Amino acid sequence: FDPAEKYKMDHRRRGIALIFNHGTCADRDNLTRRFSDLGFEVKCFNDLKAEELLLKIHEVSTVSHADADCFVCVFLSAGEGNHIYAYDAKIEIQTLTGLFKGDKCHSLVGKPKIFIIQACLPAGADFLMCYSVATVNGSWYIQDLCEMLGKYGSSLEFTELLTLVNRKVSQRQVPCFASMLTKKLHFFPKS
């Protein structure tokens, strides 16, 4: 039994990263570059209607992630409480995250699923929920997240990096992350 056990991140691909957008462009673009340098293929969506958001994300949930390390999904800036805003409706986050629970999504079983909600609980093994809260240059949270990904994304254990974000932001609003991760999570460079 090894206390240093890490998620195996040696799949052909790092995986998909979804950005749903609802100043806020700076956030989106900054997240895009950061996740790309981390290997992620990034898909962005703008002001989707609920029928269309559900359609898309379900599409994504049902393709094979067999050859991927993990999955990232970002909602900025939707979400009061346990909901997120589409164009025409609020949607329970659990309804979206649920598509990725081991039951409903076999190829991500054992792999980390990361959800980042920025404000205007869901659960599953190997989930990591990041909440921004419990400007033309962006928002405090995303700016700092991207600054940390930039300098440390490739080396620090991910939840340590999120703690950094907690600290940078709380020195200016207290963000938080909830972990159901079962191992250390690193994004060392691939191939």
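Numbers follow the displayed sequence, beginning with 1.
- Where coordinates are absent for parts of the deposited sequence, a chain break appears; between neighbours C120 and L121 it spans 10 or more residues.
- According to the entry, the deposited sequence has 10 or more residues without coordinates between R172 and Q173.
- For the pair 44-52 and 157-165, the mean Cα B-factor is higher in 44-52.
- Higher average CA B factor: 72-80, of the stretches 72-80 and 106-114.
- As recorded in the PDB entry, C25 shows the highest C-alpha B-factor of the residues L181, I19, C25, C176.
- Based on the entry's C-alpha B-factors, the most elevated value among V136, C130, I142, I57 belongs to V136.
- Ranked by C-alpha B-factor against the other modelled residues of its chain, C146 falls in the lowest third.
- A125: CA B factor in the middle third of modelled residues in this chain (values from the PDB entry).
- In this PDB entry, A66 carries a Cα temperature factor that places it within the highest third of its chain's modelled residues.
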